[PDB]
Amino acid sequence: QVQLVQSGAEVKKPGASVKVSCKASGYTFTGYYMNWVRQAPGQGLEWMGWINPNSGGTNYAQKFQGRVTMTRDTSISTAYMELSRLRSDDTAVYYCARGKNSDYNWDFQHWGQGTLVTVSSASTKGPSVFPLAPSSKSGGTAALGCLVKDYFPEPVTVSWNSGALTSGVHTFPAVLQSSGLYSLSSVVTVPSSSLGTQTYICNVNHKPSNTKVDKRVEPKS
Amino acid sequence: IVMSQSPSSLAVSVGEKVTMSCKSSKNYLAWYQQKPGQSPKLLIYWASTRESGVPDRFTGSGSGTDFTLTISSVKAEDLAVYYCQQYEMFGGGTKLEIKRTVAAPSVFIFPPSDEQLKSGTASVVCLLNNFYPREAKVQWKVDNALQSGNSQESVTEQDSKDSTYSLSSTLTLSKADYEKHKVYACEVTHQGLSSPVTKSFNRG
Amino acid sequence: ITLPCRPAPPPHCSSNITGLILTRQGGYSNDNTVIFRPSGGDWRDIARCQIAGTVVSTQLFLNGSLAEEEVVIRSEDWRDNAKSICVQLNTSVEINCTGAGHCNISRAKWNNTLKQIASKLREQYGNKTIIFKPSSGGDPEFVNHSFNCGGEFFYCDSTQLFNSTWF
Ligand SMILES: *[C@@H]1O[C@H](CO)[C@@H](O)[C@H](O)[C@H]1NC(C)=O
Ligand SMILES: [N+]
């Protein structure tokens with residue numbers, strides 16, 4: 001029942017600072033060294049630094065010295081990684097890692113869910129949700145969905161019926177518009193029969209803009 | 001003390017035997033599996049020591065600066081990227097793709113919502129669902145006239161269950177430009193389609 | 001070298017330096033440089049060195065047991081930067097506190113001992129440039145060189161001892 005829960009994704013301007021949290025539960029927080037690993041977007045994993053939860057001593061990577069600081073809060077068992085002089089080329093997914101055995105590090109058995117930090121001069125924008133409604137399709141199976149358009153930055157998470165409808169869900173990667181804004185679509189195939197008996201809802205989340213939206217996909221008239 | 005992992009890409013069929021190498025530069029090596037959309041999972045935690053619950057087909061080997069991971073009976077769920085780690089260095093690469101029988105796409109077309117029309121834009125969507133291989137071409141025609149510059153497409157990651165890709169192309173116009181034509185057609189080209197599919201509609 | 005200290009260390013607290021404990025600088029900068037900092041581990045890292053002395057101290061060892069002949073450096077794992085590297089010195093660098101705030105040591109002999117340790121590390125790691133930099137941070141017990149003398153803990157800013165380069 002071990003759990004490492006990180007903060008939510010957010011946006012910062014170049015040169016600003018970002019402090020990512022990592023709440024740990026299910027073990028003695030003061031026993032295992034805590035590392036912070038950053039996954040560049042599609043460019044492999046690179047380790048950043050580690051912190052000792054007792055002495056608070058830190059060992060950072062030579063590539064991040066003078067730009068990062070790791071801290072802790074043992075009263076609530078929360079690690080913190082703060083990154084300053086934020087370059088626009090440092091947009092990545094930041095994870096916190098532990099390890100299986102208290103003696104040895106670098107064998108990360110547990111990982112946080114991730115934290116996508118974005119760094120850009122452009123401003124944050126909330127998505128616009130529209131329903132790709134069911135129409136003449138097939139097979140006897142209909143296909144519905146929702147279009148999430150004109151948003152920035154990634155990520156935008158789209159679920160269905162609050163996580164109850166997943167088999168057959170296809171959510172596409174983001175497409176970059178010439179205007180620098182993103183847009184994606186999330187679709188699902190269902191039986192034509194249950195169109196009038198069941199209700200299907202897109203649940204869109206865009207934490208950068210603190211935006212939660214729920215849109216009901218209904219047939220046309 | 002850098003490390004490399006090969007091969008980068010790697011497509012195989014279910015049940016086939018897979019073996020990937022990791023060249024460093026009973027050692028403390030680890031192998032992580034990152035499935036699409038999730039954080040890494042520690043498959044191997046000491047060159048050849050599998051983690052609890054890791055099925056038996058995953059095996060690690062190696063002693064010197066070279067190491068190896070292998071999957072005996074590959075399965076559709078094993079689709080993922082694989083990383084080899086020694087101390088503070090990760091290898092990268094080694095994306096395990098899946099081979100599959102050809103599957104023709106299912107073409108669907110969605111006109112824009114009156115909500116979006118009130119916004120000012122008008123976006124038509126064309127959905128090619130559950131096809132294989134990735135290669136597929138989408139063309140947009142307005143009143144039977146080829147378009148260009150006003151469309152953007154995206155392909156999904158290879159699904160974990162049926163190992164089939166899915167594509168969506170959105171054609172975005174203005175409400176005015178949209179209301180100045182009647183027919184809107186999506187033409188699809190794929191290996192499993194001798195003749196290009198042409199699913200279209202008209203605002204009638 | 002003047003080493004400021006928060007609680008004015010009395011003259012009685014002026015121990016000899018009989019070793020140290022450092023930590024590696026993680027990462028991979030291809031530049032031929034190996035950065036070492038004062039240890040960042042917990043008390044377990046210092047206890048694993050087995051240099052039990054009459055003085056419980058962080059950063060550098062005091063009134064311990066010196067080396068037989070030359071410097072001996074034993075690390076539980078060299079390639080691993082998380083595990084600290086212990087050090088025993090041949091000759092001690094006496095550290096005498098003036099009684100007031102500052103605590104002063106030799107101005108130059110420390111550079112000599114630093115070069116000796118740097119060569120003993122060159123032979124272990126790559127024969128390349130070696131740099132000594134100060135702590136990366138931590139709690140006041142381990143961030144500032146602390147020593148338990150006569151029932152009182154004295155913290156001193158050891159930033160003056162780790163700003164050295166050696167080609
Ligand atoms: C040795 O340590 C004790 C207490 O740790 C201290 O009284 C003494 O001053 C140190 N050595 C010398 C020569 O003073
Ligand atoms: N520890």
# chains A, B, ... in the order shown; residues from 1 in each chain; ligands from 1
>>> residues_near_ligand(ligand="ligand 1", cutoff="8 Å", atoms="only C-alpha atoms and all ligand atoms", output="MDAnalysis selection string")
chainID C and resid 11:16 54:56 62:63 147:150
>>> write_last_selection(atoms="N, CA, C and O atoms", output="tab-separated table (two decimals), in the first residue's frame")
chain	number	residue	atom	x	y	z
C	11	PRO	N	38.89	27.83	23.72
C	11	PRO	CA	40.22	27.29	23.37
C	11	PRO	C	40.34	25.80	23.59
C	11	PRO	O	41.06	25.12	22.84
C	12	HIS	N	39.66	25.25	24.60
C	12	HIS	CA	39.75	23.82	24.87
C	12	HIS	C	39.34	23.00	23.66
C	12	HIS	O	39.81	21.87	23.49
C	13	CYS	N	38.47	23.54	22.81
C	13	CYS	CA	38.00	22.84	21.61
C	13	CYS	C	38.87	23.27	20.44
C	13	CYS	O	38.58	24.23	19.73
C	14	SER	N	39.97	22.53	20.24
C	14	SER	CA	40.95	22.82	19.20
C	14	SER	C	41.60	21.49	18.81
C	14	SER	O	42.79	21.24	19.02
C	15	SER	N	40.80	20.61	18.21
C	15	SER	CA	41.24	19.25	17.95
C	15	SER	C	42.07	19.17	16.67
C	15	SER	O	41.99	20.03	15.79
C	16	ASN	N	42.88	18.12	16.60
C	16	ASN	CA	43.58	17.78	15.37
C	16	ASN	C	42.62	17.13	14.38
C	16	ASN	O	41.62	16.50	14.77
C	54	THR	N	37.35	10.48	19.97
C	54	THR	CA	36.89	11.08	21.21
C	54	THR	C	35.93	12.24	20.98
C	54	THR	O	35.43	12.82	21.95
C	55	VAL	N	35.66	12.59	19.72
C	55	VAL	CA	34.88	13.76	19.36
C	55	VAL	C	33.86	13.33	18.31
C	55	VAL	O	34.22	12.72	17.30
C	56	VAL	N	32.59	13.62	18.57
C	56	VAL	CA	31.53	13.39	17.61
C	56	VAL	C	31.42	14.64	16.74
C	56	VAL	O	30.97	15.69	17.21
C	62	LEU	N	37.88	14.60	13.86
C	62	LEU	CA	38.77	15.19	14.86
C	62	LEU	C	39.13	14.14	15.90
C	62	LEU	O	38.37	13.19	16.12
C	63	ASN	N	40.30	14.30	16.52
C	63	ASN	CA	40.77	13.45	17.62
C	63	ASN	C	40.34	12.00	17.45
C	63	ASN	O	39.77	11.38	18.36
C	147	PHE	N	30.85	20.08	15.67
C	147	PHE	CA	31.60	19.19	16.55
C	147	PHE	C	31.11	19.31	17.98
C	147	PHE	O	30.83	20.40	18.47
C	148	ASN	N	31.00	18.14	18.63
C	148	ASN	CA	30.50	18.02	20.00
C	148	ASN	C	31.69	18.02	20.94
C	148	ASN	O	32.34	16.99	21.14
C	149	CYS	N	31.97	19.17	21.54
C	149	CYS	CA	33.09	19.36	22.45
C	149	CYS	C	32.56	19.68	23.84
C	149	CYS	O	31.74	20.60	23.99
C	150	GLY	N	33.02	18.93	24.83
C	150	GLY	CA	32.68	19.20	26.22
C	150	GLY	C	31.21	19.46	26.46
C	150	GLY	O	30.85	20.44	27.13
>>> residues_around(residues="residue 202 in chain A", least_positions_apart="6", cutoff="9 Å", atoms="only C-alpha atoms", output="list in words")
residues 129, 131, 145, 146, 158, 159, 160, 161, 162, 186, 213, 214, 215, 216 and 217 of chain A
>>> select_by_dssp(residues="range 32-139 of chain C", states="helix (DSSP H, G or I)", output="mmCIF file with N, CA and C atoms, in the first residue's frame")
data_model
loop_
_atom_site.group_PDB
_atom_site.id
_atom_site.type_symbol
_atom_site.label_atom_id
_atom_site.label_comp_id
_atom_site.auth_asym_id
_atom_site.auth_seq_id
_atom_site.Cartn_x
_atom_site.Cartn_y
_atom_site.Cartn_z
ATOM 1 N N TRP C 43 24.043 10.278 9.883
ATOM 2 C CA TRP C 43 25.066 9.794 10.803
ATOM 3 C C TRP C 43 25.512 8.375 10.474
ATOM 4 N N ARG C 44 24.665 7.587 9.806
ATOM 5 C CA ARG C 44 25.061 6.235 9.428
ATOM 6 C C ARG C 44 26.251 6.261 8.478
ATOM 7 N N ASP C 45 26.282 7.233 7.563
ATOM 8 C CA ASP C 45 27.400 7.334 6.632
ATOM 9 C C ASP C 45 28.710 7.580 7.371
ATOM 10 N N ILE C 46 28.680 8.420 8.409
ATOM 11 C CA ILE C 46 29.897 8.709 9.159
ATOM 12 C C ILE C 46 30.271 7.536 10.054
ATOM 13 N N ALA C 47 29.277 6.828 10.595
ATOM 14 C CA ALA C 47 29.570 5.676 11.439
ATOM 15 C C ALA C 47 30.141 4.518 10.631
ATOM 16 N N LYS C 109 48.947 24.783 4.512
ATOM 17 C CA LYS C 109 49.060 23.341 4.707
ATOM 18 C C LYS C 109 47.776 22.623 4.315
ATOM 19 N N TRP C 110 46.627 23.281 4.487
ATOM 20 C CA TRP C 110 45.372 22.668 4.075
ATOM 21 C C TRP C 110 45.348 22.438 2.571
ATOM 22 N N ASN C 111 45.906 23.372 1.796
ATOM 23 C CA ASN C 111 46.006 23.164 0.355
ATOM 24 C C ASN C 111 46.905 21.975 0.037
ATOM 25 N N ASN C 112 47.966 21.782 0.825
ATOM 26 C CA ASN C 112 48.851 20.642 0.610
ATOM 27 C C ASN C 112 48.124 19.328 0.874
ATOM 28 N N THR C 113 47.421 19.237 2.006
ATOM 29 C CA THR C 113 46.646 18.030 2.287
ATOM 30 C C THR C 113 45.550 17.821 1.248
ATOM 31 N N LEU C 114 44.963 18.910 0.744
ATOM 32 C CA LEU C 114 43.953 18.793 -0.301
ATOM 33 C C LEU C 114 44.553 18.223 -1.577
ATOM 34 N N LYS C 115 45.757 18.667 -1.945
ATOM 35 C CA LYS C 115 46.416 18.112 -3.124
ATOM 36 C C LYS C 115 46.768 16.642 -2.915
ATOM 37 N N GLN C 116 47.184 16.277 -1.701
ATOM 38 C CA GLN C 116 47.476 14.873 -1.416
ATOM 39 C C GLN C 116 46.229 14.012 -1.601
ATOM 40 N N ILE C 117 45.113 14.432 -1.001
ATOM 41 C CA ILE C 117 43.861 13.698 -1.165
ATOM 42 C C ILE C 117 43.439 13.692 -2.630
ATOM 43 N N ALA C 118 43.707 14.786 -3.346
ATOM 44 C CA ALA C 118 43.317 14.868 -4.747
ATOM 45 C C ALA C 118 44.097 13.875 -5.595
ATOM 46 N N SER C 119 45.378 13.671 -5.291
ATOM 47 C CA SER C 119 46.146 12.665 -6.022
ATOM 48 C C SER C 119 45.690 11.256 -5.655
ATOM 49 N N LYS C 120 45.425 11.018 -4.366
ATOM 50 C CA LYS C 120 44.909 9.716 -3.953
ATOM 51 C C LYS C 120 43.549 9.420 -4.578
ATOM 52 N N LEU C 121 42.796 10.457 -4.957
ATOM 53 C CA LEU C 121 41.541 10.246 -5.674
ATOM 54 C C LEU C 121 41.777 10.099 -7.175
ATOM 55 N N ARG C 122 42.711 10.878 -7.730
ATOM 56 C CA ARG C 122 43.101 10.717 -9.125
ATOM 57 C C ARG C 122 43.434 9.264 -9.424
ATOM 58 N N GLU C 123 44.233 8.641 -8.556
ATOM 59 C CA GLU C 123 44.618 7.255 -8.805
ATOM 60 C C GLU C 123 43.407 6.328 -8.799
ATOM 61 N N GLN C 124 42.403 6.622 -7.970
ATOM 62 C CA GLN C 124 41.211 5.782 -7.919
ATOM 63 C C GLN C 124 40.328 6.017 -9.139
#
>>> residues_near_ligand(ligand="ligand 2", cutoff="8 Å", atoms="only C-alpha atoms and all ligand atoms", output="PyMOL selection string")
(chain A and resi 30-33+52-54+102-103) or (chain C and resi 41-42+44-45)
>>> atom_distance(atom1="CA of residue 208 in chain A", atom2="CA of residue 118 in chain A")
9.0 Å
>>> interface_residues(of="chain A", to="chain B", cutoff="8 Å", atoms="only C-alpha atoms", output="PyMOL selection string")
chain A and resi 43-47+105-114+130-135+137+143+170-175+177+185
>>> write_last_selection(atoms="C-alpha atoms", output="PDB file, in the first residue's frame")
ATOM      1  CA  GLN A  43      14.163  11.884 -25.085  1.00  0.00           C
ATOM      2  CA  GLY A  44      14.914   9.302 -22.399  1.00  0.00           C
ATOM      3  CA  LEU A  45      15.412   9.499 -18.655  1.00  0.00           C
ATOM      4  CA  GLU A  46      18.050  11.656 -16.958  1.00  0.00           C
ATOM      5  CA  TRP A  47      18.555  11.634 -13.194  1.00  0.00           C
ATOM      6  CA  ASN A 105      19.479   3.545  -4.107  1.00  0.00           C
ATOM      7  CA  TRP A 106      19.057   3.590  -7.911  1.00  0.00           C
ATOM      8  CA  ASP A 107      16.745   0.523  -8.002  1.00  0.00           C
ATOM      9  CA  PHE A 108      13.570   2.605  -8.153  1.00  0.00           C
ATOM     10  CA  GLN A 109      10.739   0.223  -7.297  1.00  0.00           C
ATOM     11  CA  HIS A 110       8.241   3.039  -6.643  1.00  0.00           C
ATOM     12  CA  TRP A 111       7.542   6.064  -8.831  1.00  0.00           C
ATOM     13  CA  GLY A 112       5.241   9.043  -8.614  1.00  0.00           C
ATOM     14  CA  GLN A 113       2.574   9.542 -11.242  1.00  0.00           C
ATOM     15  CA  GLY A 114       4.583  12.396 -12.778  1.00  0.00           C
ATOM     16  CA  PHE A 130     -17.304  20.454 -28.444  1.00  0.00           C
ATOM     17  CA  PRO A 131     -19.268  17.242 -29.042  1.00  0.00           C
ATOM     18  CA  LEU A 132     -18.492  15.020 -32.035  1.00  0.00           C
ATOM     19  CA  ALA A 133     -21.998  13.590 -31.941  1.00  0.00           C
ATOM     20  CA  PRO A 134     -23.191  10.181 -33.160  1.00  0.00           C
ATOM     21  CA  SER A 135     -24.436  10.049 -36.740  1.00  0.00           C
ATOM     22  CA  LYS A 137     -21.995   5.054 -38.831  1.00  0.00           C
ATOM     23  CA  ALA A 143     -18.900   6.202 -32.677  1.00  0.00           C
ATOM     24  CA  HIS A 170      -9.254   6.231 -28.358  1.00  0.00           C
ATOM     25  CA  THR A 171      -7.771   9.567 -27.249  1.00  0.00           C
ATOM     26  CA  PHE A 172      -5.428  11.121 -29.802  1.00  0.00           C
ATOM     27  CA  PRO A 173      -2.182  13.013 -29.138  1.00  0.00           C
ATOM     28  CA  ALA A 174      -2.245  16.790 -29.294  1.00  0.00           C
ATOM     29  CA  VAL A 175      -1.976  18.571 -32.648  1.00  0.00           C
ATOM     30  CA  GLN A 177      -2.029  24.589 -34.591  1.00  0.00           C
ATOM     31  CA  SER A 185     -10.044  14.510 -29.893  1.00  0.00           C
TER      32      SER A 185
END
>>> residues_around(residues="range 192-197 of chain A", least_positions_apart="3", cutoff="6 Å", atoms="only C-alpha atoms", output="list in words")
residues 140, 141 and 142 of chain A
>>> write_last_selection(atoms="C-alpha atoms", output="compact mmCIF listing (two decimals), in the first residue's frame")
# COMPACT_ATOMS: atom_id res chain seq x y z
CA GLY A 140 -24.48 -1.57 -36.07
CA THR A 141 -22.01 0.30 -33.85
CA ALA A 142 -21.95 4.06 -33.40
>>> interface_residues(of="chain C", to="chain A", cutoff="12 Å", atoms="only C-alpha atoms", output="PyMOL selection string")
chain C and resi 22-31+33-46+58-59+76-77+80-84+133-144
>>> select_by_dssp(residues="range 54-167 of chain C", states="strand (DSSP E or B)", output="MDAnalysis selection string")
chainID C and resid 56:57 60:62 72 75 85:88 95:97 103:105 129:132 145:149 152:156 164:166
>>> closest_residue(among="C:159, C:128, C:79, C:167", to="chain B", atoms="only C-alpha atoms")
C:79
>>> atom_distance(atom1="CA of residue 132 in chain B", atom2="CA of residue 191 in chain B")
8.2 Å
>>> closest_atom_pairs(of="range 167-209 of chain A", to="range 1-12 of chain A", cutoff="9 Å", atoms="only C-alpha atoms", output="tab-separated table")
residue	atom	partner	partner_atom	distance
A:206	CA	A:9	CA	8.8
A:207	CA	A:9	CA	6.4
A:208	CA	A:10	CA	4.7
A:209	CA	A:10	CA	8.3
>>> write_last_selection(atoms="N, CA, C and O atoms", output="mmCIF file, in the first residue's frame")
data_model
loop_
_atom_site.group_PDB
_atom_site.id
_atom_site.type_symbol
_atom_site.label_atom_id
_atom_site.label_comp_id
_atom_site.auth_asym_id
_atom_site.auth_seq_id
_atom_site.Cartn_x
_atom_site.Cartn_y
_atom_site.Cartn_z
ATOM 1 N N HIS A 206 -7.681 20.113 -17.460
ATOM 2 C CA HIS A 206 -6.531 20.918 -17.881
ATOM 3 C C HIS A 206 -6.107 21.693 -16.633
ATOM 4 O O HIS A 206 -6.554 22.822 -16.409
ATOM 5 N N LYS A 207 -5.274 21.061 -15.805
ATOM 6 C CA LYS A 207 -4.853 21.702 -14.563
ATOM 7 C C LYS A 207 -4.112 23.009 -14.803
ATOM 8 O O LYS A 207 -4.329 23.958 -14.028
ATOM 9 N N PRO A 208 -3.237 23.136 -15.812
ATOM 10 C CA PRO A 208 -2.582 24.428 -16.060
ATOM 11 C C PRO A 208 -3.537 25.608 -15.994
ATOM 12 O O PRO A 208 -3.190 26.661 -15.449
ATOM 13 N N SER A 209 -4.742 25.444 -16.535
ATOM 14 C CA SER A 209 -5.773 26.469 -16.474
ATOM 15 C C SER A 209 -6.822 26.178 -15.406
ATOM 16 O O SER A 209 -7.877 26.822 -15.397
#
>>> closest_residue(among="A:180, A:163, A:26, A:15", to="residue 90 in chain A", atoms="only C-alpha atoms")
A:15
>>> atom_distance(atom1="CA of residue 202 in chain B", atom2="CA of residue 181 in chain B")
8.7 Å
>>> closest_residue(among="C:156, C:71, C:21, C:66", to="residue 97 in chain C", atoms="only C-alpha atoms")
C:156
>>> residues_around(residues="residue 178 in chain B", least_positions_apart="2", cutoff="10 Å", atoms="only C-alpha atoms", output="ChimeraX atom specification")
/B:112,117,121-124,142,172-176,180-184,203
